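Peer 1: Here you go, one structure.
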Amino acid sequence: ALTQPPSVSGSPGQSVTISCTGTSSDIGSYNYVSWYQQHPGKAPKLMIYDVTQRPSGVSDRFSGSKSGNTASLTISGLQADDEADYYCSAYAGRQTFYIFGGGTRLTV
Amino acid sequence: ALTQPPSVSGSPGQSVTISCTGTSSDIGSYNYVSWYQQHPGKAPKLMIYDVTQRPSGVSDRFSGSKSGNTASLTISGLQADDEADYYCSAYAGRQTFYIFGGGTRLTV
Amino acid sequence: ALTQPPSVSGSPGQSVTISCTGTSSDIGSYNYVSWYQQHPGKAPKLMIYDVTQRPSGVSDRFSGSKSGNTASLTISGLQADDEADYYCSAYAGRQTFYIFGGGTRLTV
Amino acid sequence: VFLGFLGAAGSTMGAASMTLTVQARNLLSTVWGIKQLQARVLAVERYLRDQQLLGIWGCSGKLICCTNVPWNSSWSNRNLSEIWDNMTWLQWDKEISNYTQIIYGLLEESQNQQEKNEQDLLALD
Amino acid sequence: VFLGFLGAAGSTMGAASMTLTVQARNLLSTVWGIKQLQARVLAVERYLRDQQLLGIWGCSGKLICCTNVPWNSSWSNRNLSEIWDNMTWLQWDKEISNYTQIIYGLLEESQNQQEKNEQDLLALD
Amino acid sequence: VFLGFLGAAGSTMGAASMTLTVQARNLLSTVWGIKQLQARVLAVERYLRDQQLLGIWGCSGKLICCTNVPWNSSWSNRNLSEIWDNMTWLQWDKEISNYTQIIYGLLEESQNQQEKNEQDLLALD
Amino acid sequence: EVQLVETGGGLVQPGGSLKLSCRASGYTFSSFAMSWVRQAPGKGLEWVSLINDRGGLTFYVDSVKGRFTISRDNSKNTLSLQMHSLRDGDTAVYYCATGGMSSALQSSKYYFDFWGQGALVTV
Amino acid sequence: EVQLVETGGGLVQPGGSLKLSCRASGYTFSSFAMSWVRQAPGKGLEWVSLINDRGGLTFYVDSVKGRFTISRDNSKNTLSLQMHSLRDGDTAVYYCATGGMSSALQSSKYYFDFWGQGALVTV
Amino acid sequence: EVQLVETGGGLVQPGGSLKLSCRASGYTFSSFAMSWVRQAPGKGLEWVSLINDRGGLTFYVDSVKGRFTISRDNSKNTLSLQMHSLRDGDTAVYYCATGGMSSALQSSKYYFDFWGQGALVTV
Ligand SMILES: *[C@@H]1O[C@H](CO)[C@@H](O[C@@H]2O[C@H](CO)[C@@H](O[C@@H]3O[C@H](CO)[C@@H](O)[C@H](O)[C@@H]3O)[C@H](O)[C@H]2NC(C)=O)[C@H](O)[C@H]1NC(C)=O
Ligand SMILES: *[C@@H]1O[C@H](CO)[C@@H](O[C@@H]2O[C@H](CO)[C@@H](O[C@@H]3O[C@H](CO)[C@@H](O)[C@H](O)[C@@H]3O)[C@H](O)[C@H]2NC(C)=O)[C@H](O)[C@H]1NC(C)=O
Ligand SMILES: *[C@@H]1O[C@H](CO)[C@@H](O[C@@H]2O[C@H](CO)[C@@H](O[C@@H]3O[C@H](CO)[C@@H](O)[C@H](O)[C@@H]3O)[C@H](O)[C@H]2NC(C)=O)[C@H](O)[C@H]1NC(C)=O
Ligand SMILES: *[C@@H]1O[C@H](CO)[C@@H](O)[C@H](O)[C@H]1NC(C)=O
Ligand SMILES: *[C@@H]1O[C@H](CO)[C@@H](O)[C@H](O)[C@H]1NC(C)=O
Ligand SMILES: *[C@@H]1O[C@H](CO)[C@@H](O)[C@H](O)[C@H]1NC(C)=O
Ligand SMILES: *[C@@H]1O[C@H](CO)[C@@H](O)[C@H](O)[C@H]1NC(C)=O
Ligand SMILES: *[C@@H]1O[C@H](CO)[C@@H](O)[C@H](O)[C@H]1NC(C)=O
Ligand SMILES: *[C@@H]1O[C@H](CO)[C@@H](O)[C@H](O)[C@H]1NC(C)=O
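Shown next, in the form of structure tokens:
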């Protein structure tokens, strides 16, 4: 699995960064790290894919980056809707395909 | 290995059923389950093969069946000669070929 | 790893034998067992290769032999220079290539 | 080269399957010069048509090739003993020639084509 | 046999890649007798030249063969969608014919040759 | 194509084994028209005989193929250095031509045939 | 416009069986690899299984390797997940999603683009 | 009419070696896969090794993989089991049996049809 | 006449990186497989990695499989070992040696014939 902080706190207008530590075999080997946002009680939504890329309909406020074995999601200009569970996902190779990190609660 | 009851008891004229619980990878994957009868102090003898089929020289009193991951041997019309150790055998795949269950003593 | 005695003692003029016990998969499977001599504070030097063969510049005093899963290095006519750490090495196969035994100190 | 050629023609199919190389080695070697050249060219292109058929399946460079096409009992409902221990290849060909084209079509329809495409895709992950 | 021959010629390359066997089956079948024989012999040796090219790479007996030659953006800088979903094989050939020989040279220079030698050496350990 | 053809003929066998593709690419391309056609047809069927020999062993579509036939010291008792670093392929052929047929017979007798049959059987378990 | 609706979530006894289905609309179903990802109620997401666009290749997490079976029908635009010998650890909301892989003739889609509503399975 | 007689069972020191043999009669020896199955005295049966009809393919249980070697001679109608580096866990009555597998040109014989008498090995 | 000189041993923080190099002279560099073998200061020798004569095949011990990278340049007669995510267990004197394997056209060289001086790495 991917180590993730259980909670990150912020206020509107600032910028927060949720980290995601993984093994060298998954995040240090492949540039396929993605971030999902699950509002409470609804399905997840893809916010970031391929480390940096963004889907269509996602603001520039969500951004992604990677460094070694650690991938980070930066959320800038916090708002009320941003309160969600932010899940990490990494492609871990042919044998084990996808490993999800523990969900991170954002409090605004 | 295959889980088998250590002992089953009966009287002449009734019908008893010896069970054989196995993993999904062996009994739940292949229809190759066989039953041997080893009288004390002599070699084993094939009583059932391929779950249901019978060899030549074996009475209809011995029968076999399967359900999910559990294979059963039914012996009807018990007699004195039926006192033996009844062994389960299952083909567990290419890597591990054959797994035998613990012997079951029949008392008549 | 290869089990080796931590120490072997002798005097000049005698003949000593350093043993090397290994698994059947490495010494009992391949006739590629080699012995290195590391004087203190310097690099190792190949003394024996392919169980019995000797490099160029190595005296007949160093000899090697094998029996089952145990390979032995015989040093005859002990001298002052022979004080060293004698290391065993075995080719353990395609997956794990080389396994070294624990160094053996020779005291003269 | 010619020794044993078709010698197992009357053997069982199981026994004749151990002699495939004697019958495989023997498929490759004025107006009459043109006749001999036409014969040689015809033999060459026939051999190449057979090899192409083997290659569009997964059976390239193989005299025995296992496939992923299931056997249909509409083609033959005999058990392996009747086929490989009681029958010969000539009798089997006489029995199965009506479905041979269906079998060839199935061999190149899905199994080798979808296999190849799936190996194209499995070389991505 | 001739059915569907070149029918996907105007299809996308991705869609035309599912019909390779119809165009692969169709490459193998007095003075005019000599003319017909010359045509047949030429077709045979052409087919064998193509198969030899496939075989000196790792692509023997295969209609789709993945290699270890990286794609260079000096040959084509289009993304997979423009190639396999927007373009046809004729247009792709027109675009890539200037580098085809470089690609063939790279296919037989290092990848199959060094692979084979490395498999020669990996069969020692 | 013709560049480097037989250039390593005087090289060591080890060094000439890195140039096999230059000598493999060069084996495939009125009364005199019949003469040229006979030459072309002969070259084609010769190439196909060699490929058939490679294919009845496990060496299909390969220029270097490792086998399961042990080397017998009755054929040559030289160590690898004398063969691959001191001798050329012409000298080796002169030395080993008396046993070549025995080696070919052993290559197609047991190793490929029993291997294939054993892979037929290993695809059952 | 993409919609993925799951049907078949319910209650099943331990050791039972269950067939989940996911119906897709709003896009080319046959051009997308599909995946099943489960979230236990208090825990996070866990990838269960994956199937390619043509339905020929199926991958599973080792915890459900011999028990689960992912399949699809492109004609009907349906994605099925058959579950056998259900254990207590399989209690979760199962989502059908589009992505996980792609063909060799497409860009890499190592991510789950469009998710479904969810289907609650309790053992 | 089938008979399978084992010879070579005896006493051997730990770390020793032993060659068991099994002579077969009453049937076509070369048409049958053979197997060695051992039963420790108070315990049940355990499959040891298997060899195909031609003698080219040999399979072993992982506990004796590098130590045991099954072989056969069809001309002599003999089945040999060489045992090296014998441990204390190998104490058992060894039975040679016919079956375990079959050729691709035969029906599946995933069972041991005809058993032998037995050969007692004690370490 | 054979000489193998190692350069690049030093101090590196945990989790850091380091490139060791080994320059060879006195023999045909391209005709020899190379190896890296490390000895921790109080402990014995441990094989780290191996590379063939052409530099195409690389083998590592499982403890450093995804972290270390052996390479060579035959034109320059250099053997490089790149080390990433260095742990505390990698503290050792690293020796570059000639041997470990050979080509199919050469006698077996399953041994390390000529050793280097050493390069001390401390984490
Ligand atoms: C032509 O067909 C006949 C059958 O009509 C075939 O005869 C069979 O030949 C084999 C091989 O010689 C015989 O096997 C041998 O049999 C005895 C036991 O009977 C045994 O001493 C040997 O171990 C060996 O297996 C077989 O008995 C015989 N069967 C019969 C007569 O029923 C014959 O092979 C065919 N010949 C061809 C295709 O050339
Ligand atoms: C010639 O080129 C045209 C495009 O200029 C190709 O037309 C395309 O044909 C395919 C296959 O019939 C159509 O797919 C179908 O489309 C609808 C949705 O539009 C849907 O009902 C079906 O599921 C199916 O996928 C496709 O729409 C159509 N595209 C266009 C007109 O843009 C045509 O295939 C080419 N013909 C050849 C190479 O023979
Ligand atoms: C014809 O035979 C001669 C030997 O009689 C071959 O000469 C050898 O050629 C190679 C390649 O040029 C030389 O290797 C080079 O040598 C020096 C060290 O001597 C070094 O600077 C280079 O790294 C390189 O390896 C080799 O020395 C030379 N050997 C001799 C003269 O004994 C020649 O290659 C053959 N030519 C053919 C088959 O075309
Ligand atoms: C076998 O052939 C019949 C027609 O003879 C066909 O309808 C049936 O689907 C076939 N079975 C299989 C399993 O392909
Ligand atoms: C094959 O079908 C044809 C159809 O005319 C029929 O005459 C022939 O008897 C059939 N052969 C077999 C072996 O069923
Ligand atoms: C691609 O081609 C250019 C010349 O057009 C060449 O210089 C370059 O090295 C090539 N790139 C690769 C990665 O081979
Ligand atoms: C290929 O190069 C030739 C050189 O004369 C040039 O005329 C031609 O336009 C080029 N073609 C392409 C497709 O770049
Ligand atoms: C080698 O050849 C001799 C005859 O020259 C033959 O008797 C011997 O059995 C052969 N050796 C092997 C191992 O095949
Ligand atoms: C091969 O055998 C023939 C038999 O006449 C003999 O003349 C010839 O010298 C032999 N050649 C070699 C290289 O041994």
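Chains as they are written, first to last, in the entry's author numbering: chain Q, 3 to 9, 11 to 27, 27A to 27C, 28 to 95, 95A to 95B, 96 to 106; chain M, 3 to 9, 11 to 27, 27A to 27C, 28 to 95, 95A to 95B, 96 to 106; chain I, 3 to 9, 11 to 27, 27A to 27C, 28 to 95, 95A to 95B, 96 to 106; chain D, 518 to 546, 569 to 664; chain F, 518 to 546, 569 to 664; chain B, 518 to 546, 569 to 664; chain O, 1 to 52, 52A, 53 to 82, 82A to 82C, 83 to 100, 100A to 100H, 101 to 111; chain J, 1 to 52, 52A, 53 to 82, 82A to 82C, 83 to 100, 100A to 100H, 101 to 111; chain G, 1 to 52, 52A, 53 to 82, 82A to 82C, 83 to 100, 100A to 100H, 101 to 111.
Note that beta-carbon positions come from the ideal geometry of N, C-alpha and C, so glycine has one too.
Counting pairs of beta carbons, one from the stretch 72–87 of chain Q and one from the stretch 11–26 of chain Q, are three or more of them closer than 8 Å?
Peer 2: Enough Cβ pairs lie closer than 8 Å, so yes.
Peer 1: So which residues touch the region around ligand 1, with touch meaning a C-beta under 6 Å from any heavy atom?
Peer 2: Cβ-based neighbours of ligand 1 within the cut-off: D:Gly527 and D:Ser528.
Peer 1: Which word fits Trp571 (chain D), buried or exposed, when buried means at least 16 other C-beta atoms lie within 10 angstroms of its C-beta?
Peer 2: Classification of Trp571 (chain D): exposed, given that the 10 Å Cβ count is below 16.
Peer 1: Using only the heavy atoms of ligand 9, determine whether one of them is closer than 7 Å to the beta carbon of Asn616 (chain B).
Peer 2: Flag unset: Cβ of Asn616 (chain B) not near ligand 9.
Peer 1: For ligand 6, enumerate in chain order all residues having a CB closer than 7 Å to any of its heavy atoms.
Peer 2: Matched residues: F:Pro609, F:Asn611 and F:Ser613.
Peer 1: Return the Cβ separation of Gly13 (chain I) and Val106 (chain I) in integer angstroms, given the expectation that the two are a contact with Cβ distance under 8 Å.
Peer 2: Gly13 (chain I) to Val106 (chain I), Cβ: 6 Å. Contact.
Peer 1: Would you mind sorting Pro8 (chain M) into buried or exposed? The rule is 16 or more other CB atoms within 10 Å of its CB.
Peer 2: When all chains shown are included, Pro8 (chain M) counts as exposed.
Peer 1: Is the beta carbon of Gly600 (chain F) closer than 8 Å to that of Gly600 (chain B)?
Peer 2: Going by C-beta atoms, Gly600 (chain B) is nearer than 8 Å to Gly600 (chain F).
Peer 1: Starting from the Cα of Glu647 (chain F), find the closest Cα among B:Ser546, B:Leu592 and B:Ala541 and give me that residue.
Peer 2: Answer by Cα proximity: B:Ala541.
Peer 1: On the CB-based measure, 16 or more other CB atoms within 10 Å of its CB, does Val5 (chain J) come out buried or exposed?
Peer 2: Result: exposed.
Peer 1: Counting C-beta neighbours from all protein chains within 10 Å, is the total for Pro14 (chain O) 16 or more, i.e. buried, or is it exposed?
Peer 2: That one is exposed.
Peer 1: Just to confirm, are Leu100A (chain G) and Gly531 (chain B) a CB contact at a threshold of 8 Å?
Peer 2: Contact: yes.
Peer 1: From M:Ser59, M:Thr52, M:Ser56 and M:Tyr36, pick the residue whose C-alpha is nearest to that of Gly99 (chain M); which is it?
Peer 2: It is M:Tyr36.
Peer 1: In three-state terms, what does DSSP make of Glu657 (chain D)?
Peer 2: If DSSP states are grouped into helix, strand and coil, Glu657 (chain D) belongs with the helices.
Peer 1: In chain order, what residues place their C-beta within less than 7 Å of a heavy atom belonging to ligand 9?
Peer 2: Output, sorted by chain position: B:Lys633, B:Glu634, B:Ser636 and B:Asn637.
Peer 1: Using a cut-off of 8 Å between C-beta atoms, extract the partners of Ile595 (chain B) located in chain D.
Peer 2: Near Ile595 (chain B) (Cβ distances below 8 Å), the residues of chain D are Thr538, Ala541, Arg542 and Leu602.
Peer 1: What does the Cβ neighbour count give for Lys100E (chain G), buried or exposed, with the cut at 16 atoms within 10 Å?
Peer 2: It counts as buried.
Peer 1: Would you check if the stretch 615–634 of chain D and the stretch 23–36 of chain O touch, i.e. whether three or more CB-CB distances between them fall below 8 Å?
Peer 2: The answer is no - the stretch 615–634 of chain D does not touch the stretch 23–36 of chain O, with fewer than three Cβ pairs under 8 Å.
Peer 1: Taking 8 Å as the threshold (beta carbon to beta carbon), is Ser34 (chain Q) in contact with chain G?
Peer 2: With 8 Å as the cut-off, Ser34 (chain Q) does not count as an interface residue toward chain G.
Peer 1: Start and end of the alpha helix (DSSP H) containing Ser620 (chain B)?
Peer 2: From DSSP, the alpha helix (DSSP H) with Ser620 (chain B) extends over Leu619 to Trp623.
Peer 1: Along chain O, which residues have their Cβ under 7 Å away from the Cβ of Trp623 (chain F)?
Peer 2: Neighbours of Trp623 (chain F) on chain O, chain order: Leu100A.
Peer 1: What are the residues of the stretch 57–71 of chain Q that lie near chain O, defined by any Cβ-Cβ distance shorter than 8 Å?
Peer 2: Taking 8 Å as the Cβ-Cβ cut-off against chain O, none of the residues of the stretch 57–71 of chain Q qualify.
Peer 1: Using a Cβ cut-off of 8 Å, pull out every chain B residue sitting near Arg579 (chain D), in sequence order please.
Peer 2: Chain B residues near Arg579 (chain D): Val580 and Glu584.
Peer 1: Could you tell me whether the Cβ of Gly65 (chain J) comes closer than 8 Å to any Cβ of chain I?
Peer 2: It does; some Cβ of chain I falls within 8 Å.
Peer 1: Tell me, please, whether the CB atom of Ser82B (chain O) is closer than 8 Å to any CB atom in chain M?
Peer 2: At least one chain M Cβ lies under 8 Å of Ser82B (chain O).
Peer 1: Using the Cβ count rule (16 or more neighbours within 10 Å means buried), how would you classify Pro15 (chain M)?
Peer 2: Classification of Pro15 (chain M): exposed, given that the 10 Å Cβ count is below 16.
Peer 1: So that I know if they touch, is there some Cβ in chain B lying closer than 8 Å to that of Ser534 (chain F)?
Peer 2: No, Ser534 (chain F) does not count as interfacial toward chain B.
Peer 1: Compute the Euclidean distance between the alpha carbons of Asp86 (chain G) and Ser17 (chain J), then round it to the nearest angstrom.
Peer 2: Answer to the nearest angstrom: the Cα atoms are 43 Å apart.
Peer 1: May I ask you to report which of helix, strand or coil DSSP gives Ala541 (chain F)?
Peer 2: Of the three classes helix, strand and coil, the one that applies to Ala541 (chain F) here is helix, per DSSP.
Peer 1: Assuming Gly521 (chain B) and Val539 (chain B) are in contact, meaning their beta carbons sit under 8 Å apart, how far apart are those beta carbons, in whole angstroms?
Peer 2: Between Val539 (chain B) and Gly521 (chain B) the Cβ distance is about 4 Å, and since that is below 8 Å, they are a contact.
Peer 1: What residues from chain B crowd round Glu654 (chain F), counting only those whose CB sits closer than 8 Å?
Peer 2: What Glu654 (chain F) touches in chain B: nothing, since even the nearest Cβ is about 10 Å away.
Peer 1: Could you check which residue in G:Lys64, G:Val63, G:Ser62 and G:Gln81 has the C-alpha nearest to that of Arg71 (chain G)?
Peer 2: For the residues G:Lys64, G:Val63, G:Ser62 and G:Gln81, the minimum Cα distance to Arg71 (chain G) belongs to G:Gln81.
Peer 1: With a cut-off of 8 Å, does the C-beta of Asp101 (chain J) fall near any C-beta of chain M?
Peer 2: Cβ-Cβ to chain M under 8 Å: yes for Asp101 (chain J).
Peer 1: So, at 6 Å on beta carbons, what are the nonlocal neighbours of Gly96 (chain O) in its own chain, with the 5 sequence-adjacent residues on each side left out?
Peer 2: So the qualifying residues of the chain are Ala33, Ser35 and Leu50.
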